[PDB]
Amino acid sequence: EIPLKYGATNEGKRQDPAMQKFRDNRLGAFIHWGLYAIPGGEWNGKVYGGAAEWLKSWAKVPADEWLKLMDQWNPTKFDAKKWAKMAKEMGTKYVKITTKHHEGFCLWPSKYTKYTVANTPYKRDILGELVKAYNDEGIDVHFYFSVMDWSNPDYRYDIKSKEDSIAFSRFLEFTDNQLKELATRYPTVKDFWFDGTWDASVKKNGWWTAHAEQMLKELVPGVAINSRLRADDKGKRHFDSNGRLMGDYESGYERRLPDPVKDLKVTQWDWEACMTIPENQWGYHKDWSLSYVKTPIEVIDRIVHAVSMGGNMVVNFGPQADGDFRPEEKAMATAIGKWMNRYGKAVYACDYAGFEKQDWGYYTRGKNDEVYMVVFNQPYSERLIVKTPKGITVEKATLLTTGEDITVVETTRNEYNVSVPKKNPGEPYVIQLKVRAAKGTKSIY
Ligand SMILES: C[C@@H]1N[C@@H](c2cn(-c3ccccc3)nn2)[C@H](O)[C@@H]1O
């Protein structure tokens with residue numbers, strides 16, 4: 001055991017109501033919106049294949065010239081109520097918004113820098129508008145915040161001199177100032193999701209990460225803080241030198257997911273995954289023909305996969321420079337929403353079920369020990385294998401949409417064939433199970 005002043009604080013999962021809400025929400029949307037939406041992956045006639053929100057980096061653009069894009073920031077089709085409606089319709093319970101990305105342009109009128117929405121033709125506090133509009137729809141709002149800031153010359157990638165250290169110390173104060181500002185300007189915020197924290201400068205300043213966490217928790221009761229923020233005394237990130245999770249939830253599954261057989265450890269803590277629709281574009285990119293674009297079922301698969309393992313999933317959108325969403329994104333949100341409106345009882349407020357993974361799809365567990373079978377791969381055998389943990393029996397199966405009864409046949413001790421429905425639902429579908437735990441078993445149930 002190593003002693004630490006800046007390692008983990010939470011013993012296991014938080015169980016206060018605010019965390020239970022963060023968790024029960026399950027499905028979120030991510031919004032990456034910034035100056036990068038203007039060029040949309042293209043600089044001086046060259047279309048770059050890299051992530052559009054990193055175009056400043058791919059095209060080697062200097063800060064002064066990149067930030068002049070502010071002069072073209074005028075999203076005339078922006079309407080926060082419309083965005084909130086789109087999210088509501090998709091079935092998202094929360095939205096995570098880029099308050100400031102690496103480029104350092106702020107979507108709120110920060111008093112600590114000139115690189116904000118206030119100094120654009122549009123002028124308006126976009127972030128405040130969104131907060132209000134989402135909240136009015138009953139949607140929680142989470143703030144993405146990039147510590148790394150390409151707009152501020154006090155930023156350092158590493159601390160290699162006393163000068164570096166003096167500059168970076170000012171930078172951290174500047175950062176603290178922006179964070180306090182967001183927390184006090186927008187007190188309905190439920191979560192801060194830190195990015196751009198991997199540089200050696202931040203690793204060397206573990207103490208600050210812990211302080212940022214504590215500071216925000218004092219300012220916003222019940223607020224959640226992601227693991228990606230945190231470095232310990234030794235510079236170890238996410239999990240401290242004693243293997244303990246820092247922050248309130250684990251936030252490293254980005255465009256990938258834990259293996260449903262080999263990575264069951266994740267069920268021990270809260271966590272959130274995020275994903276993109278194309279392969280690797282977060283900000284708006286004008287040409288989606290350059291990589292694989294996920295279909296709605298492929299996205300729904302990932303959402304359910306996450307919930308089946310006790311995690312959240314956040315699906316990313318990269319709005320156009322005009323403040324509308326491209327057609328592929330409107331289609332996606334609508335398709336997701338349609339499915340969730342039908343089958344969302346197996347997603348919202350659900351969790352890991354403790355059953356062995358089977359090939360047909362995923363289990364999720366409801367608040368009242370409902371066990372949902374979410375079927376993505378339909379067996380030609382017409383039988384869905386269900387192997388129960390020790391002491392658990394299956395008493396009934398019911399097709400969720402119709403209430404029709406589904407035959408359950410015992411094949412061995414602890415295993416059943418659950419029949420597929422008589423009519424093929426023709427889309428991923430849910431069978432709700434009623435299970436019973438014997439007197440004197442172990443496990444939840
Ligand atoms: C949530 C996603 N995180 C950002 C990211 C992080 N990185 C990155 C780049 C180099 C090293 C480590 C991480 N690249 N892009 C993406 O631009 C987006 O905000």
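Only heavy atoms go into these numbers, but all of them, side chains included; no hydrogens, no water, no symmetry mates. Just follow the structure's listing: the first ligand is 1, and inside any ligand the first atom is 1. Throughout, residue positions are numbered sequentially from 1 according to the sequence presented.
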Response to the item:
CG (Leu182) and CG (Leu219) are apart, to the nearest 0.5 Å, by 11.0 Å
Item to complete: Please work out whether any backbone atom (N, CA, C, O) or any side-chain heavy atom from C-beta onward of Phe30 is under 4.0 Å from ligand 1, and answer side chain, backbone, both or neither.
Response: neither
Response to the item:
Result for side chain to side chain donor-acceptor pair (under 3.5 Å) between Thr209 and one of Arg228, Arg230, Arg237 points to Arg230
Practice prompt. Could you tell me the separation between the CG atom of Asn316 and the NZ atom of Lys96, rounded to the nearest 0.5 Å?
Written response: 12.0 Å
Worksheet item: Once you round to the nearest 0.5 Å, how far does CD of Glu103 lie from CH2 of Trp66?
Response: 6.0 Å
Item to complete: Please could you name the atoms of ligand 1 that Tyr144 approaches to less than 4.0 Å, counting only its heavy atoms?
Response: 19 (O)
Item to complete: Examine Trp54 against ligand 1 and note whether any of their N/O atoms are separated by less than 3.5 Å.
Response: yes
Response to the item:
Nearest non-hydrogen protein atom to atom 8 (C) of ligand 1, with distance, is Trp198 CH2, 3.7 Å
Worksheet item: Is it the side chain, the backbone, both or neither of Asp195 that has a heavy atom closer than 4.0 Å to ligand 1?
Response: side chain
Worksheet item: Is there side-chain contact between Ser201 and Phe171, with heavy atoms separated by less than 4.5 Å?
Response: no
Worksheet item: With no hydrogens and no angle check, do the side chains of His211 and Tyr6 hold a donor and an acceptor under 3.5 Å apart?
Response: no
Item to complete: Please confirm whether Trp193 comes within less than 3.5 Å of ligand 1 when only nitrogen or oxygen atoms on both sides are compared.
Response: no
Fill in: For atom 2 (C) of ligand 1, the protein heavy atom that lies nearest, with its residue and separation
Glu254 OE2, 3.2 Å
Practice prompt. Show which atoms of ligand 1 fall inside a sub-4.0 Å distance from at least one heavy-atom site of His32.
Written response: 18 (C), 19 (O)
Worksheet, complete the sentence: Closest to atom 17 (O) of ligand 1 among protein heavy atoms sits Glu53 OE2, 2.3 Å
Worksheet item: Got an N/O contact under 3.5 Å between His101 and ligand 1?
Response: yes
Worksheet item: Using the benzene-type ring in the case of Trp, are the ring centres of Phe105 and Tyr115 under 6.0 Å apart?
Response: no
